[PDB]
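Peer 1: Provided hereafter are the protein sequence and its experimental coordinates.
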Amino acid sequence: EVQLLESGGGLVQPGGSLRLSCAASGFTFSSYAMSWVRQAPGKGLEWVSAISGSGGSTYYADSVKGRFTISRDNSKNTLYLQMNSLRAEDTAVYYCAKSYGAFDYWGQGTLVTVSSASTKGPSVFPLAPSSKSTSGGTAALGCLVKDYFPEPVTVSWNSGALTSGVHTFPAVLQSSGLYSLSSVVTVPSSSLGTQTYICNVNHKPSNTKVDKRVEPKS
Amino acid sequence: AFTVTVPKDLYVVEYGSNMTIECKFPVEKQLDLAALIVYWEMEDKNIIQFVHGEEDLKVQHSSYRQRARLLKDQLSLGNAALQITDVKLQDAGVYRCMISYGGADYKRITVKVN
Amino acid sequence: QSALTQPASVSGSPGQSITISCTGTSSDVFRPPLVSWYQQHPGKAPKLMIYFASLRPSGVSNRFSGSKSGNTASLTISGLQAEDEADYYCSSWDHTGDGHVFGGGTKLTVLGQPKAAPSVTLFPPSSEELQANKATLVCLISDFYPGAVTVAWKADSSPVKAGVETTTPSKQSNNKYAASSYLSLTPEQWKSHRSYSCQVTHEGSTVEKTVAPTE
Ligand SMILES: [Cl-]
């Protein structure tokens, strides 16, 4: 199966540099032209750059000409975007796309945030289930991921073993310029006190990985 | 700059005869048909779809069924050649070839039937 | 400013046709026989629906079709389903045949959806957070439709306008909406009230949850 995995995103200060990579598999990489397409948070798709199958021809949107360079390694099946002289306007999710008449395959994207604000990892606090209001049927417990920058944070439960009934809410950008989110899971009220629930929070920009055990209060 | 060219933009054909119209595209000697897409259309009716190294006849419009074929021996030379057999008066009109092989472009060819 | 022009939004009842138009600002940006269409669901990557104005990739539903007329391209969706709610983008190859341009996108709304009341969950500050001399009340609102709510906080009968941060509602996978509201307070404020309340109003119907230091 065709796979395109982007990597390299994160927080960059304005005027700084970043290199994105896209590992391709499942097709003859050197036979296809490849592109980078970006999307600013909440906005539309913008084509950035294209490169021919051999790497001999490169094309750029006028907004990135002279600052970004597209390249490829046809032996490692990898596509690159070297970004220099970054500006706040370049903040976007960057997608790797295979060109075959049209963009038939896209990667899942990598977020690039160009800002002069400093990184801050989150503080994680459990949202304990109400053993005060037990004997019903379903109980809700969570994880509060507070005061981080920049986006994103990933949250999983029991290292990926618990996926059913999990709802991770979109972050709130507060007036401080910091984000905060919560992840909740509804479980059988009969499970509490016997079943272990741990939220796994990862905030790659700050190298913060936190595991928090959520216990019923009592 | 991917460019498709036509040796002729107009063909005059006799009723009942066979006709072959061509579009040319750049080939880099190490031809990979898995990257080539060839599409032929006449007045919004699908004629040919050569995708993934295979002619997809499942989408062919009724009149062009069993009469229209892409000459696959010419693809390796950079030639998209559409052969239509037993030409009818209804085959007169504007045809277009859309080719993708890295980049993409298209050309129009008019056919007149006597 | 996108080189191609499409409608900002399109709305329509289910089990019905709907057409989104794409057009250019010049020949160097828009060539109808080379138009592609993409579907993008919330938080997901774009998906190719139509290429070469009318060709459908393997896997794409026969309900999706494309056409062209003059200097115009169109995406038609037949037999509208709720799962079709997504953003749609058109794209074209440029005059050179190497670069690309995109339309500004069109948000598709399927108008049949029945009203759903919000499910509200309110959490008090955790003991661990209180130990760090901080306190945050967490109000989680989900499964509501349409996507518009107003949130009000109360400190045992008094409206609280300071320290409140609320998200704009976001579309969930089931096409309903979610939002969250956070109230920041000092541990002293949390312990100096009988209780705190999160009150959410949705289509003139109020859903309230209350939490207290001893509950
Ligand atoms: Cl663009």
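Peer 2: Structure's in. What do you need? Numbering: from 1, shown residues only, chains lettered A, B, ... in the order given.

Peer 1: going by C-alpha atoms from here, please, whenever you check contacts or count neighbours.
Peer 2: OK.

Peer 1: skip the chain neighbours and tell me the closest residue to the residue nearest the centre of chain C.
Peer 2: In chain C, the centroid-proximal residue (CA atoms, centre = their mean) is residue C:171; its distance is 3.8 Å. In this structure, residue C:171 finds its nearest non-sequential neighbour in residue C:177, 4.6 Å apart by CA to CA, 6 or more residues apart in numbering or on different chains.

Peer 1: near chain A, which residues of chain C?
Peer 2: C:2, C:36, C:44-48, C:51-52, C:89, C:98-105, C:123-126, C:128-129, C:165-167, C:170, C:178-180, C:215 (CA under 8 Å from any CA of the partner chain).

Peer 1: so what's the residue count around whatever residue of chain C ends up closest to the ion?
Peer 2: Residue of chain C nearest the ion, by CA to the ion: residue C:101 (3.7 Å). Using other CA atoms under 10 Å in any protein chain shown, residue C:101 has 21 neighbouring residues.

Peer 1: kindly report the same for the one 4 residues further on.
Peer 2: Neighbour count of residue C:105, defined by other CA under 10 Å: 28.

Peer 1: who does whichever residue of chain B sits closest to the ion bridge with?
Peer 2: When scored by CA to the ion, chain B has residue B:103 as its residue closest to the ion, at 16.0 Å. According to DSSP bridges, the residues that bridge with residue B:103 are residue B:101.

Peer 1: next, count neighbours for it.
Peer 2: Residue B:103 - counted by other CA under 10 Å - has 26 other residues nearby.

Peer 1: surely it meets residue B:26?
Peer 2: No. Counting by CA atoms under 8 Å, residue B:103 stays clear of residue B:26, with 10.0 Å between them.

Peer 1: residues shared between the contacts of these two?
Peer 2: With contacts taken as CA atoms under 8 Å, 6 or more residues apart in numbering or on different chains, the residues that reach both residue B:103 and residue B:26 are residue B:2.

Peer 1: residue A:156 touches residue A:201, doesn't it?
Peer 2: Yes. In this structure, residue A:156 is within contact of residue A:201 by CA under 8 Å, at 6.8 Å.

Peer 1: out of those two, which sits in the busier spot?
Peer 2: The neighbour comparison of residue A:156 against residue A:201 (other CA under 10 Å) goes to residue A:201, with 24 against 18.

Peer 1: which parts of chain B are strands?
Peer 2: Applying DSSP state E to chain B gives strands spanning B:10-13, B:19-24, B:37-42, B:45-51, B:54-55, B:68-70, B:79-84, B:93-101, B:103-113.

Peer 1: separation between the residue of chain B positioned farthest from its centre and residue A:25?
Peer 2: Each residue of chain B has a distance to the centre, and by CA atoms, centre = their mean the biggest one is for residue B:30: 21.9 Å. According to CA to CA, to the nearest Å, residue B:30 and residue A:25 sit 21 Å apart.

Peer 1: what does stretch A:150-167 contact?
Peer 2: With contact meaning CA under 8 Å, 6+ apart, stretch A:150-167 is reached by A:11, A:111, A:113, A:119-120, A:168, A:178-179, A:183-187, A:197-205.

Peer 1: give me the number of residues near the closest residue to residue B:31 other than its chain neighbours?
Peer 2: Counting by CA to CA, 6+ apart, residue B:31 lies nearest to residue B:76, which is 6.2 Å off, once chain neighbours are set aside. Burial of residue B:76 is recorded as 15 neighbouring residues (other CA under 10 Å).

Peer 1: now swap in residue B:56 and tell me
Peer 2: Other residues within reach of residue B:56, judged by other CA under 10 Å, total 12.

Peer 1: near the closest residue to it other than its chain neighbours, how many residues? Count them for me, please.
Peer 2: Spatial nearest neighbour of residue B:56, chain neighbours left out: residue B:49 (5.5 Å); criterion: CA to CA, 6+ apart. Neighbours of residue B:49 under the rule other CA under 10 Å: 23.

Peer 1: can you check residue A:176 too?
Peer 2: Counted with other CA under 10 Å, residue A:176 comes out at 7.

Peer 1: distance-wise, check it relative to residue B:78.
Peer 2: Note on residue A:176: its distance to residue B:78, by CA to CA, is 60 Å.

Peer 1: swap in residue B:92?
Peer 2: Distance of residue B:92 to residue B:78, computed by CA to CA: 26 Å.

Peer 1: got it, and residue C:25?
Peer 2: Per CA to CA, residue C:25 is found 32 Å from residue B:78.

Peer 1: ok, these two, which is more surrounded?
Peer 2: Higher neighbour count among residue C:25 and residue B:78: residue B:78, with 16 against 12, using other CA under 10 Å.

Peer 1: how about that one, phi and psi?
Peer 2: In terms of degrees, to the nearest 10, the main-chain angles of residue B:78 are phi 90, psi 30.

Peer 1: and what of residue A:132?
Peer 2: phi -70, psi -30.

Peer 1: and if you look at residue A:131?
Peer 2: Taking degrees, to the nearest 10, you get phi -70, psi -10 for the backbone angles of residue A:131.

Peer 1: count the neighbours of it for me.
Peer 2: Residue A:131: 16 neighbours (other CA under 10 Å).

Peer 1: re the thing from before, now intersect the contacts of stretch A:150-167 with the strands, please.
Peer 2: Secondary structure from DSSP E places A:11, A:111, A:113, A:168, A:179, A:183-187, A:198-203 of the contacts of stretch A:150-167 in strands.

Peer 1: and these, which are buried?
Peer 2: A:11, A:111, A:113, A:179, A:183-185, A:187, A:198-203 (16 or more other CA atoms under 10 Å in any protein chain shown).

Peer 1: now render those residues as JSON lines, adding distance to the ion.
Peer 2: Putting those into JSON lines (distance: CA to the ion, whole Å) gives the following:
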{"residue": "A:11", "distance to the ion": "24"}
{"residue": "A:111", "distance to the ion": "18"}
{"residue": "A:113", "distance to the ion": "20"}
{"residue": "A:179", "distance to the ion": "30"}
{"residue": "A:183", "distance to the ion": "35"}
{"residue": "A:184", "distance to the ion": "38"}
{"residue": "A:185", "distance to the ion": "40"}
{"residue": "A:187", "distance to the ion": "45"}
{"residue": "A:198", "distance to the ion": "43"}
{"residue": "A:199", "distance to the ion": "39"}
{"residue": "A:200", "distance to the ion": "37"}
{"residue": "A:201", "distance to the ion": "35"}
{"residue": "A:202", "distance to the ion": "33"}
{"residue": "A:203", "distance to the ion": "31"}
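
Peer 1: can I get these in a markdown table with distance to residue A:130?
Peer 2: Below are those laid out as a markdown table (distance: CA to CA, whole Å):
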| residue | distance to residue A:130 |
| --- | --- |
| A:11 | 38 |
| A:111 | 37 |
| A:113 | 38 |
| A:179 | 26 |
| A:183 | 16 |
| A:184 | 13 |
| A:185 | 13 |
| A:187 | 12 |
| A:198 | 16 |
| A:199 | 17 |
| A:200 | 21 |
| A:201 | 22 |
| A:202 | 26 |
| A:203 | 28 |
